[PDB]
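As structure tokens, the structure follows; a few thoughts come after it.
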Amino acid sequence: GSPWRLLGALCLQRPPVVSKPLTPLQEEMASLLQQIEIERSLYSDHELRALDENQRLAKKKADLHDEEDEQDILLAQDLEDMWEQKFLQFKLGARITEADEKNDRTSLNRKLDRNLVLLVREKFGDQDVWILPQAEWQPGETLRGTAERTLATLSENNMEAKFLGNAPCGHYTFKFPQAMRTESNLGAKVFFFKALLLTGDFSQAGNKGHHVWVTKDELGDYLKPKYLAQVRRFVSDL
Amino acid sequence: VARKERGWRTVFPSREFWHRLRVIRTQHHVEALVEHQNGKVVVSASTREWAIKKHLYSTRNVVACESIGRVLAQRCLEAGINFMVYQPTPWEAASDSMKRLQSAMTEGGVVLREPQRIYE
Amino acid sequence: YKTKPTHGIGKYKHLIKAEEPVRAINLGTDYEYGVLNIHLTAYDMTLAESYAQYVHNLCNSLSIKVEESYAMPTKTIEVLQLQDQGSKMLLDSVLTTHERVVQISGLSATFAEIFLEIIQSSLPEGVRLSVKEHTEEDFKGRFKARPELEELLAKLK
Amino acid sequence: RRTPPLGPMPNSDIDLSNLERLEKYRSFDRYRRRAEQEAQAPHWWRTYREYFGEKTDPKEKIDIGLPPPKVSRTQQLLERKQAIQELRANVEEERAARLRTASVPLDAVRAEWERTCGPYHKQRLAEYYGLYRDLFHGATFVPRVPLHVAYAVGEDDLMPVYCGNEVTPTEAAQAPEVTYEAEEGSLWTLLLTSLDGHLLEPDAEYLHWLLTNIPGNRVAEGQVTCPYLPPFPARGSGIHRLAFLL
Amino acid sequence: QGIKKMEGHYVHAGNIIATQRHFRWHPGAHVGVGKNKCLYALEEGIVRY
Amino acid sequence: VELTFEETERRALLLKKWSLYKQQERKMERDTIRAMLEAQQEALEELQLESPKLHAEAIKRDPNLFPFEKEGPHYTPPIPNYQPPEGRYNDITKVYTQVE
Amino acid sequence: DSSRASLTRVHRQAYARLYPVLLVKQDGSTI
RNA sequence: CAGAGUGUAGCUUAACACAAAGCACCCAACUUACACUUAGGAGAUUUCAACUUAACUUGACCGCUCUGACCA
Ligand SMILES: [K+]
Ligand SMILES: [K+]
């Protein structure tokens with residue numbers, strides 16, 4: 001054996017649920033692009049229809065020669081009124097949810113436009129530390145297999161995850177305090193593996209206050225300085 | 001009556017000239033050179049020069065190229081250079097930058113064609 | 001000249017790829033993937049083309065060879081809706097589905113995780129990403145169906 | 001029979017195993033730029049430059065001129081960067097550049113050019129005209145004192161002398177007006193020579209003007225060592241070079 | 001076909017220096033090229049390759 | 001309709017700002033990829049030292065990685081109890097056949 | 001970011017005017 | 001927290017001064033796209049003091065990169 005204890009950590013991420021809001025400059029550029037798109041476009045069918053009906057009203061008022069009584073029951077601008085009415089009745093889903101207002105950091109329904117990371121709390125030598133879920137490597141298993149095993153040893157979940165590749169995306173090696181530091185147990189060598197949360201969540205039984213879903217910005221509050229510096233390298237915030 | 005370096009018909013550019021205007025455009029600057037066929041630079045104007053840079057909003061735009069033409073035309077007349085050949089690529093010749101630089105040179109007095117050699 | 005030390009100074013054809021006159025799909029090694037098709041399907045044609053362009057340019061920045069960039073045939077779907085207090089379905093809207101494919105090759109095994117993380121992170125709203133392994137069926141699906149060959153083939157059956 | 005190359009052969013540093021992954025030129029302009037650079041490098045094979053290039057001496061040209069002026073680059077760069085920011089901050093300057101209606105003041109450019117690169121452009125132009133070759137047997141100097149010479153033509157017009165512009169013998173029939181910047185107590189010597197006029201000896205010159213022990217820039221108070229003689233280029237003899245040396 | 005004037009030979013203006021079916025030797029300084037790719041001297045002097 | 005001078009001026013200035021804003025988006029993306037690549041490669045190096053048998057497995061390709069499907073974000077999230085209207089989908093794509 | 005390449009216009013020479021609309025899906029999500 | 005090395009924007013053994021250069025890079029138009037080309041865009045000497053010289057040399061001061069301490 002070796003002095004270092006091999007570990008496999010899981011970087012399970014919930015990708016954004018909704019699109020990110022446009023920034024002030026993006027809003028102006030989006031307005032100009034829409035303006036340019038209209039200017040360089042041909043008349044649409046709905047525009048040509050609204051034009052003819054305007055002219056028909058003139059031909060049925062000035063010329064007074066119209067030979068068609070029926071014409072069309074509904075006009076173009078009248079049709080737009082029905083469309084706008086239907087839209088106002090429909091109520092969209094909230095992009096800012098109850099969990100956002102209540103700052104419930106244990107739910108997956110918060111910060112829908114951001115990317116969340118799963119942190120669990122473990123006790124190490126009678127000390128409460130926040131870490132990315134991990135498991136100790138066992139013979140006859142790959143280091144990725146350890147990460148997939150970690151997922152299956154969480155507190156009552158039905159989460160389905162998609163692992164991306166076999167290589168680790170980061171590592172963190174620490175040494176135990178000299179009190180327990182030994183030649184055979186010098187320290188540990190964590191190896192993180194990124195995964196995507198397809199579907200699922202901790203059950204109400206499993207929601208008992210031993211995990212959080214946090215963005216990369218609010219990731220330091222829980223992790224330690226040195227552990228944080230190594231996790232903030234492969235956790236993107238694009 | 002001096003010999004021009006004729007030949008080189010299979011390569012580009014021609015050597016059959018006494019003086020040529022050569023324009024160098026970089027990512028940040030515009031330089032124009034008048035050089036003898038033997039390779040000696042006669043006169044030059046570059047936006048790297050403080051004398052020109054201090055009056056330019058940008059040293060990489062069409063205005064910069066036109067300014068280089070006007071400055072170079074004056075320096076050509078003071079050096080006695082009244083004729084030269086210009087050997088642009090097809091895309092360079094069509095560009096507005098080079099068209100404005102050429103007009104600046106001709107307005108400045110320089111003729112961008114050379115008189116034919118007298119053989120007899 | 002052959003005898004002289006400058007022999008062969010004008011050699012150039014060894015510096016150019018051999019171009020001497022459909023395409024065999026290259027299965028990757030144990031450390032590289034084969035030809036990969038990056039499908040981009042969206043209900044909006046501009047979003048599918050804008051992202052297909054983004055993926056092409058991103059691959060060039062990362063030195064990932066882009067074998068081909070092409071559009072798949074558009075699929076039009078009529079959307080009928082049951083009318084209120086009626087049993088008749090009436091045409092509501094016509095929705096078109098536009099697909100764009102960026103075919104890449106030589107993607108490294110270790111680098112695929114990073115590449116996939118970047119292109120999924122930038123996916124616009126309403127655009128579906130599907131990265132598949134290229135197969136002959138995918139290429140053949142881009143060509144018109146031959147009814148005459150089917151009838152002659154049916155006789156053999 | 002074969003002979004090994006006498007040096008590194010062109011295109012040897014290209015790795016031919018990874019040809020598909022190597023970056024290509026893609027543009028005519030990028031190949032030409034590299035091609036022009038390769039042509040200028042020295043080679044161990046026979047080249048056009050070997051047979052047609054002027055045979056310059058290997059030893060560097062001796063500088064016989066005044067010392068270069070001492071400049072503080074740090075202070076100079078600060079002032080220059082500040083001036084550009086002020087120019088670019090102006091919104092009218094941005095619009096004139098965008099609408100392609102801006103221009104440079106040619107007179108102000110030349111004044112600054114006289115004080116900065118001007119001396120080195122004059123040295124380069126004098127070298128092209130063969131003045132250092134003929135006057136100092138290849139020794140060069142940077143003309144660091146701007147010399148302004150103008151012939152009075154009529155009563156209201158002047159014909160300036162720059163560095164190779166053509167002046168007719170009729171315009172130069174009388175001594176020119178000469179001015180330069182000089183400190184009090186300095187002494188100067190001005191001479192005019194025809195490099196190509198000599199009718200008998202091929203390597204000799206004619207002294208057209210020699211003023212010595214000039215106090216400051218008061219040329220009219222210098223000793224007339226040789227009185228002014230107008231240029232007399234012989235008919236059919238071509239174009240002559242007359243040089244004022246301060 | 002081939003070289004008519006080797007390295008160092010003296011040529012008068014008009015002298016054909018080489019004839020060729022394809023461009024094996026290219027025209028340099030003071031060397032003209034005919035419609036049939038024939039290389040000829042434009043000046044009197046010494047041939048150099 | 002011809003644009004006013006002020007409009008063409010406002011459009012040109014906005015596009016100039018767009019060049020610099022997109023330059024800084026690309027920089028952030030170019031430095032995120034670099035950070036990820038360095039972290040991965042530095043983790044693989046450490047793994048090779050610790051146990052060359054696990055490193056060999058780590059650098060192999062994953063047979064299950066592809067097909068990899070991901071839908072883009074929505075504008076608004078799904079509504080918990082929303083009943084869509086009843087209807088039908090009728091594909092009307094033209095079928096093209098090659099004869100001759 | 002979802003906005004990395006979402007600001008676009010129709011890059012065609014001849015095209016009829018198009019209007020922005022919300023497509024409500026069967027689960028209630030919109031695009 | 002200490003000990004070493006280290007220093008122009010992304011790269012460069014660019015920078016004699018006449019000058020902070022060349023390339024890489026970003027947007028738009030052309031291109032299915034890419035590429036090319038055109039027309040635009042953004043930039044650096046970590047900071048002071050020492051023939052005032054100095055991006056360059058010696059000092060401090062900052063940032064960086066390793067080696068230990070600390071670390072679950
Ligand atoms: K003479
Ligand atoms: K021939």
Side-chain angles (χ1 to χ4, degrees), chain A residues 5 7 29 36 122-131 134 172-178 180-181 187-188 190 223-227, chain B residues 24-29 44 46-51 53 58 60-62 65 89-92 94-98, chain C residues 45 48-50 52-57 59-61 65-66 68-71 100-102, chain D residues 23-30 33 68-77 80-81 97-98 100 112-113 115-121 123-124 142, chain F residues 11-12 14-27 30-31 34, chain G residues 11-13:
Chain A
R5 295 176 64 186
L7 287 156
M29 190 74 227
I36 285 175
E122 294 293 328
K123 203 134 171 179
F124 293 123
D126 289 345
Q127 186 173 355
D128 265 14
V129 177
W130 287 95
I131 62 170
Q134 79 207 12
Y172 167 78
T173 80
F174 61 100
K175 279 179 181 197
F176 294 165
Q178 297 188 357
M180 77 159 292
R181 211 183 305 187
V190 186
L223 303 178
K224 298 292 180 65
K226 299 296 183 181
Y227 194 81
Chain B
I24 310 169
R25 289 200 73 183
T26 76
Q27 189 185 106
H28 299 290
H29 290 284
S44 88
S46 190
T47 65
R48 291 187 323 269
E49 305 171 25
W50 177 244
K53 182 183 313 178
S58 160
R60 68 184 69 187
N61 57 340
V62 170
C65 296
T89 63
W91 46 99
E92 286 162 6
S95 86
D96 190 57
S97 283
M98 288 311 91
Chain C
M45 184 197 66
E49 293 177 350
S50 185
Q53 170 168 357
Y54 167 82
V55 168
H56 196 157
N57 283 293
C59 288
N60 289 351
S61 307
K65 183 178 179 180
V66 173
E68 196 181 0
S69 169
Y70 60 89
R100 295 295 187 277
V101 191
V102 178
Chain D
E23 194 178 355
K24 309 315 191 298
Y25 287 108
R26 308 197 298 283
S27 52
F28 173 94
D29 273 15
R30 271 204 279 296
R33 182 167 325 119
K70 301 188 173 183
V71 192
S72 187
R73 179 56 175 167
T74 290
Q75 184 57 30
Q76 183 185 60
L77 199 45
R80 283 180 175 186
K81 288 179 153 189
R98 170 163 45 82
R100 314 185 194 175
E112 183 69 34
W113 168 91
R115 303 185 290 261
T116 54
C117 318
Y120 301 98
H121 289 204
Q123 181 185 46
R124 183 176 63 185
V142 178
Chain F
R11 287 184 178 197
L14 175 56
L15 285 161
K16 283 189 173 195
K17 287 185 308 163
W18 195 243
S19 296
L20 183 49
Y21 174 89
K22 290 300 284 175
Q23 189 185 339
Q24 292 177 335
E25 276 199 349
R26 177 73 188 111
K27 183 189 183 69
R30 185 171 52 241
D31 301 347
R34 182 182 65 198
Chain G
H11 289 116
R12 293 293 189 286
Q13 304 294 351

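For the numbers below, each heavy atom of this structure counts, side chains included, while hydrogens, waters and symmetry mates do not. Below, chains carry the letters A, B, ... as their sequence lines are ordered, and counting in each starts from 1.
The bases of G59(H) and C48(H) line up as a Watson-Crick or G-U pair, and both contact lengths stay under 3.5 Å. Entry note: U47(H) and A60(H) meet the pairing test, Watson-Crick or G-U wobble at under 3.5 angstrom for both distances.
Phosphate contact (OP1/OP2 of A19(H), side-chain N/O of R80(D), threshold under 4.0 Å): present. Considering only side-chain N and O atoms, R26(D) lies under 4.0 angstrom from the phosphate OP1 or OP2 of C36(H). The shortest distance between the side-chain N/O atoms of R48(B) and the OP1/OP2 oxygens of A19(H) is not below 4.0 Å. For the OP1/OP2 pair of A39(H) and a distance below 4.0 Å, the side-chain nitrogens and oxygens of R98(D) include no atom meeting the criterion. Within the 4.0 Å cut-off from OP1 or OP2 of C70(H), at least one side-chain nitrogen or oxygen of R181(A) is found. Applying the 4.0 Å criterion to OP1 and OP2 of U52(H), one finds that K70(D) has every side-chain N and O outside that range. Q24(F) has no side-chain polar atom (N or O) that falls below the 4.0 Å cut-off from OP1 or OP2 of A42(H). Taking side-chain N and O atoms only, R25(B) has a distance below 4.0 Å to OP1 or OP2 of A39(H). Using a 4.0 Å cut-off, some side-chain N or O of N57(C) falls inside it from OP1 or OP2 of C34(H).
Counting any heavy atom pair closer than 4.0 Å across all strands shown, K224(A) reaches sugar-phosphate atoms only and no base atom. Within 4.0 Å of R100(D), counting heavy atoms only, lie sugar-phosphate atoms of the nucleic acid but no base atom.
In this structure, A24(H) makes no Watson-Crick or G-U wobble pair, since no nucleotide meets both defining distances under 3.5 angstrom. Figure legend. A19(H) is base-paired to no nucleotide; pairs are counted as Watson-Crick or G-U wobble with both atom distances under 3.5 Å. For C36(H), there is no paired nucleotide, since no Watson-Crick or G-U wobble pair has both relevant distances below 3.5 Å. Here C66(H) sits opposite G3(H) as a Watson-Crick or G-U wobble pair (both hydrogen-bonding atom distances under 3.5 Å).
A side-chain heavy atom of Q27(B) lies under 5.0 Å from a base atom lining the major groove; the opposite groove has no such atom.
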### Message
Could you go through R73(D) and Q76(D), starting from their C-alpha distance and side-chain angles, then the distance that decides it, and tell me whether this counts as side-chain hydrogen bond (donor to acceptor under 3.5 Å, both in side chains)?
### Response
CA-CA 5 Å; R73(D) 179 56 175 167; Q76(D) 183 185 60; 3.1 Å; yes
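For the pair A54(H) and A55(H), the rule of 5.5 Å between ring centres and 30° between base planes classifies them as not stacked.
With hydrogens and angles ignored, no donor-acceptor pair closer than 3.5 Å exists between the side chain of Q127(A) and the base of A72(H).
Put simply, CH2 on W50(B) is 11 Å from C1' on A19(H), counting in whole angstrom units.
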